[PDB]
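Neighbour counts are summed over all protein chains in view; Cβ atoms, including those assigned to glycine, are modelled from backbone coordinates with ideal geometry. Every read-out reported here was derived from the displayed coordinates using simple, explicitly stated rules and does not represent laboratory data.
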């Protein structure tokens, strides 16, 4: 109120002001809204007049749990493995039939079980959320997690008791509760997050793209291979999730080394020092919360692309499948996770991943920034460093090696919105931070619609838009507040700090 | 009461996987005429001048 | 003293310890020292036994005074020009026959006069320094400044009265004392700086490579062209410095616009608000001091190469001569100083300037770093950003455009040492931070001798060494303590802060 005092006509005629400005302001999001025409003769311009209004509701961040780029014995996961093997095997009198990396790959396989339990209990808790002001609940959230929303309705008791039996069978193995790795992955994948703390707010979720399936070799070693989770249009019933859990714990319950290591972690950390997955009942409902740290790391999130499988065909890159391996003959018996990024799921080059080869912008709210805020805002950020070298003469995709990544990486994002054409059903759009717009007339208004749906989300990921007609990318499509240019070594140092913090156990005698 | 035989400097490799490097040297150092010796000897001299005394 | 208590034989036999360890430790630096042979028969190995010991004494930093990369009206020098013209012309009732850039180029031409007076009074004050413990005084310092050391001895009264008459004739023009630009350039170029604060210490100096000579055009505008100062082997007498001062102030004392602007600055800032060059007498001696800020900026100093003159021949780069120009028709009447770097004085490519194309390392003493320490340590640092585009088909040199530079740039360094061969006279070595070592047997022990002379200096500039036999450069040859990788935008922000601070006048009403 700089120099405006009042009009003072509105004060002595407040009734005329009242019935002149009586408007409905609370439109329920979840449905299509037609604005109508101002000029009624404008129906002769069919598409030149836009009367459509579609607010999006859900953006699901699709992530992969990682140990954090181990390529030698001086890795954070290998130092954590040495600490946990010293505490379990030597500080407590543990068994001698396994090694320091067997314990850590067991403890990494336990996190996939905990993420799976958090995922199915989010599926269960979502299906009881119904609101008049939000018509996206719960079908858009259930579609974004990849389930059939009618199967969770018609089989609610079977779903709940499956969640409880998953938490009960997870007690057969032991993992320490003071690892904040498990606590962070549980806190991320259990939770609905609003973007600006209003009534008709937009919802952020975290769904696993894949989990790590424990594969036992002979004397060759021990692997962790991807187990793919359902994507946002799959309509998977309870039987599919039961199959996923059964081949997740198949090689774990019959393994004798896992039984020995489970008993060792149990007697080393006690019974109250272990991770407990708490049981839900019929009145357990999750609610959407407001967390400005979650939004801070969603805003500075850089997608790395699809996981590379053993069945994935990549010309010029034969052996680049994502796996956490361990061979005592290779690399001094170190845990090795060194993945190539930039894969989009096809045997060609995603041409827009070139736009992710400039230094990122770490944008933050406010004007004062805590150290914990900066270390939390960079958790989903992953910068590329170098091209992966192709074997042979020709190679269709372009793979990237990073300079460190955090305790999880983002694969892509999935946005759920309503359609602008009839019957105005839900629309599922999956995208990375880089978006290619090919030279075709049907892609421009589609990309502009996707851009306007993205800017509805408050701390949205920053986008990079490559136009194939121009051979040109545009940089970070976001509103910046208080930002800094971040190079690869700074982000690498922050990633090293967080991965060392996530795999630390304060239950141990290490620096009492 | 003791003589020095050698020194052994432990640094990190600048090529991947960036494992440790073992360099054993006397006070005296020969640099024979090859291109792979001058920059390596310069790296070793810069590694040695990081150590104060 | 961790676990060593004593020997206790040295306590009850202290006399045997006394005459067993009676050694001379204070060798005067400035002369050659022969160690001798341990194995007396080793004269059969002529050069395979090194018995020479030469400590260097002087490293002179050869600098250019700059306004700091003006290429548009939003430059720091143009904002300073607008402020000083607002204060002199409008806040005080000043004359209307000049513009905002005429004042600032007048005030930039005054700094060359002040640097010249500081330079000749350093020459005068050095010649009375004689020490038994340092035989480099004063001949090595006088040689490094480019004078004949016998001419300053035999003509000491003429030299002193020339310094005093320079300070007296500089009073005909007026410049404000509260510009810290003049104070910084005077404090740098008046002073001998020791490297570690000992008796037989190494000396750092600052000599101007060139000064800015005011050239008056017609209605085309106003220029500042280089006036080259003598280099370290020139043996210039008093008559050469009198010629340099006379063509420095030639176009300044007869110019009517300079008289009007001098009277305007005089009546705007008063008489006590002006820069006064204080008069010296026969008992004025400078002494070497210890300044850890000077060493902090010498350590993080990056040379930019030779100045480009109008007579300098550069194939493919016809109009790249260094000049501070101003045309009211060009670029909205802005001061323009946009120089190309990487020139070595010849019409070929200095091949080692490629080694200065990686990000610099800002190294600092201690473990805690003040903001003023970081802003002072980066003053002589200048990083390249892009190659200058060559005109035509072929071009022999490779020129560089920076991303900002401070209030002065370093051109090269000159080290003075004694020769290892007879008659062990003074040797003058001029070098940038990048040093090329060509494939020839006479260059390897020469480069190793230059490296060992450089590491005698405590906060020496970091070197980059290109070997022509290997097609390979090695990075920063220095001992690092507490360092950071610095990119171009961070150094640009620091340069902008310092140039805005250097050209600020607190005598004005600007933010009372």
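If you check C:465, C:448 for being buried (at least 19 other Cβ atoms within 10 Å of the Cβ) and touching a helix residue (DSSP H, G or I) at 6+ places or on another chain (Cβ under 9 Å), only one passes: C:465.
Return yes or no: is residue A:456 away from chain C (no Cβ under 14 Å), more than 30 Å from residue A:371 (Cβ to Cβ), surrounded by 14 or more Cβ atoms within 10 Å (Cβ to Cβ) and touching a residue at least 12 places away in the same chain (Cβ under 8 Å)?
yes
Within the option set C:473, C:417, being more than 26 Å from residue C:384 (Cα to Cα) and in contact (Cβ under 8 Å) with a residue 40 or more places away in the chain holds for one residue only, C:417. Only helices (runs of 4 or more DSSP H) wholly contained in segment C:89-199 count here; list those with 2 or more residues that are touching a residue at least 12 places away in the same chain (Cβ under 8 Å) and within 22 Å of residue C:273 (Cβ to Cβ). Ranges flagged: C:100-126, C:156-169, C:180-189. Taken over segment A:200-244, the criterion of being surrounded by fewer than 16 Cβ atoms within 10 Å (Cβ to Cβ), in contact (Cβ under 8 Å) with a residue 12 or more places away in the chain and assigned to a helix (DSSP H, G or I) is satisfied by A:242 alone. Within segment A:245-290, how many residues turn out to be surrounded by 15 or more Cβ atoms within 10 Å (Cβ to Cβ) and within 30 Å of residue A:461 (Cα to Cα)? The number of residues fulfilling the criteria is 2.
State all residues of segment A:32-87 that are assigned to a strand (DSSP E or B) and either farther than 30 Å from residue A:442 by Cα or within 33 Å of the chain's Cα centre (by Cα) (or both); if no residue qualifies, say none. Steps first, please.
If we filter segment A:32-87 for residues that are assigned to a strand (DSSP E or B), which is where we start, we get A:33-34, A:52-53, A:58-65, A:70.
Within segment A:32-87, A:33, A:52, A:53, A:58, A:59, A:60, A:61, A:62, A:63, A:64, A:65, A:70 qualify.
If the condition is being in contact with a strand residue (DSSP E or B) (Cβ under 7 Å, 6 or more places away or on another chain) and within 15 Å of residue A:153 (Cβ to Cβ), then segment A:104-138 contributes only A:123. Within segment B:8-36, the set of residues being surrounded by 10 or more Cβ atoms within 10 Å (Cβ to Cβ), under 30 Å from residue A:331 (Cβ atoms) and more than 9 Å from every other protein chain (Cβ to nearest Cβ) comprises B:9, B:11, B:13, B:21, B:23, B:25.
Checking each residue of segment C:443-453 against the condition of being outside any helix (DSSP H, G or I) and either away from chain B (no Cβ under 12 Å) or closer than 30 Å to residue C:67 by Cα (or both) gives no match.
Taking the condition of being surrounded by fewer than 23 Cβ atoms within 10 Å (Cβ to Cβ) and closer than 14 Å to residue A:175 by Cα, how many residues in segment A:85-101 meet it? Reasoning before the result, please.
If we filter segment A:85-101 for residues that are surrounded by fewer than 23 Cβ atoms within 10 Å (Cβ to Cβ), which is where we start, we get A:85-87, A:89-100.
Remaining after also requiring closer than 14 Å to residue A:175 by Cα: A:85, A:87.
Within segment A:85-101, residues that are surrounded by fewer than 23 Cβ atoms within 10 Å (Cβ to Cβ) and closer than 14 Å to residue A:175 by Cα number 2.
Tell me, yes or no, whether segment A:320-339 has at least one residue that is under 18 Å from the mean Cα position of the chain (by Cα), surrounded by 22 or more Cβ atoms within 10 Å (Cβ to Cβ) and farther than 30 Å from residue A:291 by Cα.
Initially, segment A:320-339 is screened for residues under 18 Å from the mean Cα position of the chain (by Cα), giving A:322, A:339.
Narrowing the set further to residues that are surrounded by 22 or more Cβ atoms within 10 Å (Cβ to Cβ) leaves A:322, A:339.
Then drop every residue that is not farther than 30 Å from residue A:291 by Cα, which leaves A:322, A:339.
Scanning segment A:320-339, I find at least one residue that is under 18 Å from the mean Cα position of the chain (by Cα), surrounded by 22 or more Cβ atoms within 10 Å (Cβ to Cβ) and farther than 30 Å from residue A:291 by Cα, so the answer is yes.
If you scan segment C:376-393, which residues turn out to be buried (at least 17 other Cβ atoms within 10 Å of the Cβ) and not in a strand (DSSP E or B)?
In the first step, residues of segment C:376-393 are kept if they are buried (at least 17 other Cβ atoms within 10 Å of the Cβ); the result is C:376-384, C:388, C:390.
C:376, C:377, C:378, C:379, C:380, C:381, C:382, C:383, C:388, C:390, listed by residue number.
Taking every residue in segment B:38-52 that is free of Cβ contacts under 8 Å to residues at least 40 places away in the same chain and facing another protein chain (nearest Cβ under 7 Å) and pairing it with any residue that is assigned to a loop (DSSP other than H, G, I, E, B) and surrounded by 14 or more Cβ atoms within 10 Å (Cβ to Cβ), at least 6 positions away or on another chain, the pairs with Cβ-Cβ distances below 6 Å are B:38/C:470; B:39/C:470; B:49/C:479; B:50/C:479.
Filter segment A:16-31 down to the residues that are over 25 Å from residue A:422 (Cβ atoms) and part of a loop (DSSP other than H, G, I, E, B) and list them by number.
A:21, A:22, A:23, A:25
Here residue C:295 passes the criteria (1) part of a helix (DSSP H, G or I); (2) without any contact (Cβ under 8 Å) to a residue 24 or more places away in the chain except the one numbered (2).
In segment C:428-442, the residue that is nearest to the other protein chains (Cβ to nearest Cβ) out of those that are touching a strand residue (DSSP E or B) at 6+ places or on another chain (Cβ under 7 Å) and part of a loop (DSSP other than H, G, I, E, B) is C:433. Only one of the listed residues (A:74, A:78) is touching a strand residue (DSSP E or B) at 6+ places or on another chain (Cβ under 8 Å), within 14 Å of chain B (Cβ to nearest Cβ) and either within 30 Å of residue A:261 (Cα to Cα) or without any contact (Cβ under 8 Å) to a residue 12 or more places away in the chain (or both). That residue is A:78.
Residues in segment C:472-494 that are out of contact with any helix residue (DSSP H, G or I) (no Cβ under 8 Å at 6 or more places or on another chain), more than 8 Å from every other protein chain (Cβ to nearest Cβ) and either in a loop (DSSP other than H, G, I, E, B) or more than 11 Å from residue C:360 (Cβ to Cβ) (or both): C:481, C:482, C:492, C:493.
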